[PDB]
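S.K.: First the structure, which I've put down as structure tokens, then a few questions once you've had a look.
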Ligand code: SF4
Ligand code: SF4
Ligand code: SF4
Ligand code: SF4
Ligand code: SF4
Ligand code: FES
């Protein structure tokens, strides 16, 4: 259906939170990779709101501890994903209408993500 | 019809018969039998002599009998007196140190220019020719351009501030002997043909 | 894809703060030797990001060899005219008049402004 | 094939060539002024390869306005070659790196390459 | 007297020479066909003053190198330049002539400016007939003293006026 | 191997990117062998004798230039004819010297 | 030998051959990701699959030709439809999650995945049907991107196809485990807890990675793989002369890569040679300078030659210095020799001249090193002759040179199994500090400088050594084919080299001499050594001098005429030199060198921006003109003729030359000049902090001498003034300070001081 749209919109919203945390704890954030269907679209028209697909929070050593990704424009089984490297931790969120951004059945709010990234910073970050 | 008779005449004396599945035929005559056989070929009804195509196989991946090889193209026009339409090639190998070959000028006047061209482009002299005079390359040009030991002689392409290109070191294309930028080439980049 | 090897592309690394391309790479130096260029259309054909596309201006006769190497800021869609045309518009004070009209611009030329069949 | 003169010393190269040329008649000789960058002659450097057919003469990169006294030396040189009856003048455009190594290739390859790449040139560009 | 030595007379004769450009083609390759097409009933260089076409070089001021200049032709064409009246101009038409083009090889002159002093270069392959007109108008304003390079310099009216022929 | 992938799936498929890149840089490598095909152009029988070595670039391309063999018949054609007619007999032969000199 | 049949061809092949090598030796082809030359084959990419029959007895499942041994009379089928369809399927699985970066990927055209994809993928399915490339229409794997693992290497975890090449190499070749996977499943990825990437041989993975995961940061975003102009040459940073590729485009240095030459370095290069190229294209001298107003001025070659004439008008021929660099070619040495013969001067030398020549000893080839029984090593291969370490790693593991097939080095050597054990009984290493190789040498003793001679004496048996030296002596007496390996510490102390000569002659044994100078043995072979008087490169004995290198500050001081022939500009020249001239590096030179094993090696010239630089052949010829003496050499062809007259074998040919003469000098021992892999002139750009100067001190004596663990201490040595980070090391002896000698002046014991 059309929920996809808001999902990408919601996806953009997610990025904001990430950036905010960067200023809070003074930790390095990096834009990892942009959309291929936006680089390699030559004349084809493009309606998506933002051009960024993958980003991450890297520690002082540059090694990431938190990764966030969004599904491409034409792929099947679209989702938004989160991963903690080296910790065997994967989260798979959808956008359910009325509820909001939810990890499966459980809502994914700003506070939950802030806590998760703070835990990763305290635990996994080497320096 | 006369091409089948050509094949039957050649096979009896031990002449190799080359064929690709595309409709092209080769009959390789040795140089001794070359002149008399091709005289007979004109006698067999070959009105038209299409081409004299010389080949220099210096950089060919696989070895060949001799470095140079000259191929004549014999045809019989279907619309003339008794026209069959049989067209085929005759290849004759010519050594690097023996660029000799009898002319078919006496047979066909068509080879008057054509053979001259191969003397220009290859070091191959065609014996008995009225005039073997350099045709295409300048009179003061030294050597024979189309043989592989003769450089193509490229010039760099020019840009703003010292940025230049030497095309020979810029080519992503490979030759047959060029190994490539990876450890090896297999599959499609070792030779590729679709099965219709 | 140039049969003359007439295009020089020095690449460089994007600055995330104020980027130039969408990926991690851009063209620091992008030159074309109009005296080497033969105008095939193979470069437009091989561009995967649709950056290089042949246009419509033919009025690029100039006097000096070194003046016929067109640069990046001499070919960006935002530019209006050819090198001698723009130079004459500056040493003359009169804007550039292109010597052509087209029925439209193709979709591959998104952004390229041109006179269209009499719409203006 | 002989090599006279020295790199980046226009007057030394020119005087040595004066001495070595002598009474050699150049009616059928071939003069190859080797340079780089077709268009920009104001900073140009030149080698010289003179192919008499019976013996050859090599001058390294010491001519052209690129060196002090080099423009007047190239003018004197081309005027000298024209005085001796030459009509065939040639200019080869090589890569900068080629200019150096090409004088260190064996004589046969250097001479073949220069003869293959040389362009007919008007001595008026050097006078 | 060279079209010089009076403030009014030199502008007058520059006007005259500019609109009196007598193109002398030296048709070499497929460039030459696109120059001949610049004479048909869609786009004729027969207005600005270029109607008459004297094959003799003793009679024309503009020499248009239209095509690839092979080395075996380089002196012959050369001599036609030497056998021209002195107020003469030379245009290099196309890619093979202007630079070595795509034929970057043993056979072709990699810039015709080697043998003849070129006035204007006109890229294209072939340069559109309207582009060849553009180059002849370019040369028109060049001989008027109305032409400048990218570096700010004004270009002299006649190339082949600055060379020691030999 | 012969066609680069369509331009729209350059942003969807990896194999498309690899094949587009490779096709337009390296090209394809036809098998080792020789071939020739006849056609009728405005100046006669035309064909390319192509010797391929299995590499991206052909080992040799020989051209049967119909204007090359068509020109051997000029001294015969304009033999005994008038002097002014030598131009007409040449224009009437229809030579394209881009084909002859080549 | 065993007979194998591939699809139409029958091949003799030695028994231990892998099926993959039998296919390629037979002339056929098969995809290849998991396996690599000199690496243990393990069936991982599952690309090497063939069909195998051993009676017609076709195998049920496809055979892994990378880890299959061959048996007599076996049928190998790589063209059956099943094999081609399976190979295309595996390519599909491998490219499944790839990041779509080819056009902007630094790997570009020289990417094995690209080539094998276009080779074997998309089997001919049977119409002119509209074909589909990929079935994977789901979300791809996304992980961390463009992550610099180290100042030389960048990491893209998305491009990794999970081969084993970098980790296989890291365990096998250097013996330095600084890389391995983290997780499993499809979430597997490469990482490290050793962040500095400490191993001195990490760069080779840059070349091995069949994808663009690990790329060279010093050559990231310069040009495309096909665009770079390749110059195959030989590296003269250290005397092993590994075969390198200098990739340059538009007159500047882009990238250094490996050139395979199994005779000396197999396919491996050290990080110093490969990443330490920033200095060549960056800042170097292009115009000759002349002293006019008691200062330096840009000058023509003419005016410099005139000043040269005048300065050497009143110079007698026996007081002139002829001093070349440690990397000077055979041509240059032979001409300086002949020119000091004509212009009779006893003192000519080169930069890395040892008191005891390397020519004393018989050279050994590296494959002999693989076949030896023992190796008695004194010095640090990692720093004095880096790639030796790698060859010692074949030596310690019982590996031996494989057979040479029709496709060159074997792709799957069954001789290399994975996780091979390393013998502690095959070698005995003595260094002044605890080297990484001491891990594989049970017989090992950390000594102090000037102590080697005693270890060697004890190995002879004229005195009694430690427990370790007794074991080394015992194994050396018992060994049938031992190798003696002498660093600079031995080669710079005349008596120690003398006892080595004695020890290596008495038992028939050849020597590997890790000279500080690359072409030391060749210049000795061409006759570059001082005479009776003896103003060598470090001595101020001469009155007029020509210098081709950087002399100690005291060697310039006092002279009447000093000319340096440099590539970069040195303050010692703008304060003590009268005429400076530009020289091309070894990167862009052309000539020959002699390996530390006696093998001659070619130098091809690189399209780097030399400026108006000229080779020292031309300078010495031009300098003798001012002296009256006529030169015998002008060019490289006449130089090569005269070389062949000097009986120097063809390229790759080993030159036989012994020499029975020693030139000893005292060493005032307060500081040590630790031999360093990193060379001083390489401290530019990304090696700036890697090739930094260090001062190693014992924690007790560092603490007593007030040297903090991180402090930048300024040190003044005869070889210059440099600041150096202090490192506390509990293996460095008390009372000494090991200063990182970033030049080919290593192994010397010199005076000096730590300035405040
Ligand atoms: S149109 Fe010009 S730049 Fe583009 S590929 Fe062709 S000749 Fe080269
Ligand atoms: S520039 Fe193009 S049109 Fe002109 S001669 Fe050359 S190939 Fe023909
Ligand atoms: S690793 Fe190879 S296939 Fe992958 S993006 Fe780079 S060039 Fe393309
Ligand atoms: S990073 Fe490269 S070399 Fe290492 S396992 Fe992955 S593909 Fe292999
Ligand atoms: S080991 Fe020595 S010769 Fe080899 S690459 Fe390193 S510095 Fe150069
Ligand atoms: S499985 Fe990788 S090639 Fe054998």
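Protein chains in written order, with PDB author numbering: chain 7, 3 to 129; chain 5, 1 to 196; chain 9, 62 to 181; chain W, 1 to 127; chain 6, 16 to 181; chain 4, 308 to 409; chain 3, 1 to 55, 73 to 143, 148 to 777.
All C-beta atoms, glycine included, are put in the ideal place defined by N, C-alpha and C.
(1) So with Cβ pairs under 8 Å, would you call residue 120 (chain 6) a contact of chain 5?
(2) Just to check, is the beta-carbon of residue 189 (chain 5) closer than 7 Å to a non-hydrogen atom of ligand 3?
(3) By Cβ distance, which residues of its chain are closer than 6 Å to residue 345 (chain 4), with the 5 residues on each side in sequence left out?
(4) Can you grab the Cα-Cα spacing for the pair residue 706 (chain 3) / residue 608 (chain 3), in whole Å?
(5) So the candidates are 772 (chain 3), 49 (chain 3), 696 (chain 3), 233 (chain 3); which of them puts its Cα closest to the Cα of residue 404 (chain 3)?
(6) Checking contacts by CB at 8 Å: is residue 63 (chain 7) closer than that to chain 3?
(7) Check whether the Cβ atoms of residue 115 (chain 6) and residue 155 (chain 5) lie closer than 8 Å to each other.
(8) Which residues neighbour ligand 2 when neighbourhood means a C-beta less than 6 Å away from any of its non-hydrogen atoms? List them by chain order.
(9) So residue 78 (chain 6) and residue 39 (chain 6) are supposed to be a Cβ contact under 8 Å. How far apart are they, rounded?
(10) Per DSSP, what kind of secondary structure is residue 353 (chain 4) in: helix, strand or coil?
(11) Could you pull the start and end residues of the beta strand (DSSP E) that residue 104 (chain 6) belongs to?
(12) Less than 7 Å between the CB of residue 279 (chain 3) and some heavy atom of ligand 4, yes or no?
(13) Using a threshold of 7 Å, is the CB atom of residue 22 (chain 3) nearer than that to any non-hydrogen atom of ligand 6?
(14) Taking the alpha carbon of residue 213 (chain 3) as the point to measure from, which residue in 200 (chain 3), 222 (chain 3), 204 (chain 3), 223 (chain 3) has its own alpha carbon closest?
(15) May I ask you to report which of helix, strand or coil DSSP gives residue 399 (chain 4)?
(16) Among the candidates 108 (chain 9), 87 (chain 9), 145 (chain 9), whose CA atom is the shortest distance from the CA of residue 159 (chain 9)?
(17) Can you find a heavy atom of ligand 1 that lies under 7 Å from the Cβ of residue 103 (chain 9)?
(18) Identify whether residue 113 (chain 9) lies in helix, strand or coil by the three-state DSSP scheme.
(19) Using C-beta distances below 7 Å, list every residue in its chain close to residue 711 (chain 3), excluding the 5 sequence neighbours before and after it, in chain order.
(20) Residues of the region 323–338 of chain 4 with a CB closer than 9 Å to any CB of chain 3: list them in chain order, please.
(21) Just checking, does the region 712–722 of chain 3 make contact with the region 536–543 of chain 3 on the three C-beta pairs under 8 Å criterion?
(22) Distance, Cα to Cα, residue 239 (chain 3) vs residue 62 (chain 7)?
(23) Please indicate yes or no: does the CB of residue 617 (chain 3) lie closer than 7 Å to some heavy atom of ligand 5?
(24) For the beta strand (DSSP E) containing residue 497 (chain 3), list its first residue and its last residue.
(25) By a C-beta neighbour count over all protein chains shown, 10 Å radius and 16 as the cutoff for buried, is residue 407 (chain 3) buried or exposed?
(26) Note down the Cα distance separating residue 64 (chain W) from residue 41 (chain W), rounded to an integer number of angstroms.
(27) I'd like to check one pair, residue 160 (chain 3) with residue 624 (chain 3): are the Cβ atoms closer than 8 Å?
(28) Give me the Cα-Cα distance between residue 175 (chain 5) and residue 163 (chain 6), rounded to the nearest whole angstrom.
(29) Tell me the residue span of the alpha helix (DSSP H) that contains residue 330 (chain 3).
(30) Determine the closest residue to residue 613 (chain 3) out of 662 (chain 3), 642 (chain 3), 652 (chain 3), 488 (chain 3), with distance taken between C-alpha atoms.
(31) Measure the CB-CB distance between residue 569 (chain 3) and residue 308 (chain 3) and report whether it falls below 8 Å.
(32) Is it true that the region 411–427 of chain 3 meets the region 188–199 of chain 3, where meeting means three or more beta-carbon pairs spaced less than 8 Å apart?
(33) Count the other C-beta atoms from every protein chain shown that fall within 10 angstroms of the C-beta of residue 368 (chain 4), then say buried if there are 16 or more, exposed otherwise.
(34) Over what stretch of residues does the beta strand (DSSP E) that includes residue 24 (chain 5) continue unbroken?
(35) Quick check on residue 497 (chain 3): buried or exposed, where buried means 16 or more other Cβ atoms within 10 Å of its Cβ?
(36) In chain 5, which residues lie with their C-beta within 8 Å of the C-beta of residue 308 (chain 4)?
M.R.: Quick look at the numbers:
(1) Start at 1 with the first residue of the fifth chain, and residue 120 (chain 6) comes out as number 105. Yes, contact with chain 5.
(2) Here residue 189 (chain 5) corresponds to residue number 189 of the second chain, with the count starting at 1. Outside the cutoff, so no.
(3) By 1-based counting over the sixth chain, the position of residue 345 (chain 4) is 38. So the list reads 352, 354, once near-sequence residues are dropped.
(4) Along the seventh chain, one-based indexing puts residue 706 (chain 3) at 685. Along the seventh chain, one-based indexing puts residue 608 (chain 3) at 587. In a straight line, the C-alpha of residue 706 (chain 3) is about 18 Å away from that of residue 608 (chain 3).
(5) Taking the seventh chain and counting its residues from 1, the one referred to as residue 404 (chain 3) is at position 383. Closest option to residue 404 (chain 3), Cα to Cα, is 696 (chain 3).
(6) For the purposes of this step, residue 63 (chain 7) is taken as the residue at position 61 of the first chain. Yes, its Cβ sits closer than 8 Å to a Cβ of chain 3.
(7) Stepping through the fifth chain from its first residue, residue 115 (chain 6) is reached at position 100. Stepping through the second chain from its first residue, residue 155 (chain 5) is reached at position 155. Yes, they are a contact pair.
(8) 44 (chain 6), 45 (chain 6), 46 (chain 6), 82 (chain 6), 83 (chain 6), 109 (chain 6), 110 (chain 6), 111 (chain 6), 116 (chain 6), 140 (chain 6), 141 (chain 6)
(9) Here residue 78 (chain 6) corresponds to residue number 63 of the fifth chain, with the count starting at 1. Here residue 39 (chain 6) corresponds to residue number 24 of the fifth chain, with the count starting at 1. With 8 Å as the limit, residue 78 (chain 6) and residue 39 (chain 6) qualify as a contact, their Cβ atoms being about 5 Å apart.
(10) Sequence index remark: in the sixth chain, residue 353 (chain 4) carries index 46 (1-based). In this structure, residue 353 (chain 4) counts as strand in the three-state DSSP scheme.
(11) Numbered from 1 along the fifth chain, position 89 holds the residue referred to as residue 104 (chain 6). It spans 104–108 - the beta strand (DSSP E) in which residue 104 (chain 6) sits, taken as one unbroken run.
(12) As a first step, residue 279 (chain 3) is located in the seventh chain; it is residue number 258 there, counting from the start. Residue 279 (chain 3): no, Cβ never under 7 Å from ligand 4.
(13) Your numbering for residue 22 (chain 3) matches position 22 in the seventh chain. Outside the cutoff, so no.
(14) The residue labelled residue 213 (chain 3) in the question sits at position 192 within the seventh chain. The shortest C-alpha separation from residue 213 (chain 3) is found at 200 (chain 3).
(15) Taking the first residue of the sixth chain as position 1, residue 399 (chain 4) is located at position 92. Residue 399 (chain 4): helix per DSSP, three-state reduction.
(16) Indexing the third chain from 1 puts residue 159 (chain 9) at position 98. Cα-wise, what sits closest to residue 159 (chain 9) is 145 (chain 9).
(17) Here the question's residue 103 (chain 9) lines up with position 42 in the third chain. Correct: residue 103 (chain 9) has its Cβ closer than 7 Å to ligand 1.
(18) To locate residue 113 (chain 9), count along the third chain from 1; it is residue 52. Note: residue 113 (chain 9) maps to coil in three-state DSSP.
(19) Residue mapping note: residue 711 (chain 3) aligns to position 690 of the seventh chain, counting from 1. Closer than 7 Å at the Cβ level, and outside the excluded window around residue 711 (chain 3), lie 172, 699.
(20) 323, 324, 325, 326, 327, 328, 329, 330, 332, 333, 335
(21) no
(22) As a working note, residue 239 (chain 3) is residue 218 in the seventh chain. As a working note, residue 62 (chain 7) is residue 60 in the first chain. So the alpha carbons of these two residues sit roughly 22 Å apart.
(23) Translated into the one-based positions of the seventh chain, residue 617 (chain 3) becomes position 596. For ligand 5, not one heavy atom lies less than 7 Å from the Cβ of residue 617 (chain 3).
(24) Taking the seventh chain and counting its residues from 1, one reaches residue 497 (chain 3) at position 476. Not the beta strand (DSSP E): residue 497 (chain 3) falls in the alpha helix (DSSP H), residues 488–499.
(25) As a first step, residue 407 (chain 3) is located in the seventh chain; it is residue number 386 there, counting from the start. With 16 or more Cβ atoms within 10 Å of its Cβ, residue 407 (chain 3) is classed as buried.
(26) By one-based count along the fourth chain, residue 64 (chain W) stands at place 64. By one-based count along the fourth chain, residue 41 (chain W) stands at place 41. Computed Cα separation, rounded: 8 Å.
(27) On the seventh chain, position 603 is the one that residue 624 (chain 3) refers to. On the seventh chain, position 139 is the one that residue 160 (chain 3) refers to. No, they are not a contact pair.
(28) Along the second chain, read from residue 1 onward, the residue named residue 175 (chain 5) stands at position 175. Along the fifth chain, read from residue 1 onward, the residue named residue 163 (chain 6) stands at position 148. The straight-line gap from Cα to Cα measures roughly 47 Å.
(29) Counted from its first residue, the seventh chain places residue 330 (chain 3) at position 309. Residues 322–332.
(30) As a working note, residue 613 (chain 3) is residue 592 in the seventh chain. Answer by Cα proximity: 662 (chain 3).
(31) Looking up residue 569 (chain 3) in the seventh chain gives position 548. Looking up residue 308 (chain 3) in the seventh chain gives position 287. No.
(32) yes
(33) Translated into positions along the sixth chain, residue 368 (chain 4) becomes position 61. Looking at its Cβ environment, which holds fewer than 16 other Cβ atoms inside 10 Å, residue 368 (chain 4) is exposed.
(34) Counted from its first residue, the second chain places residue 24 (chain 5) at position 24. Note, residue 24 (chain 5): beta strand (DSSP E), 24–28.
(35) Taking the seventh chain and counting its residues from 1, one reaches residue 497 (chain 3) at position 476. The residue in question, residue 497 (chain 3), is buried, as its Cβ has 16 or more Cβ neighbours within 10 Å.
(36) On the sixth chain, residue 308 (chain 4) is found 1 positions in, with the first residue counted as 1. Within 8 Å Cβ-Cβ: 188, 192, 194.
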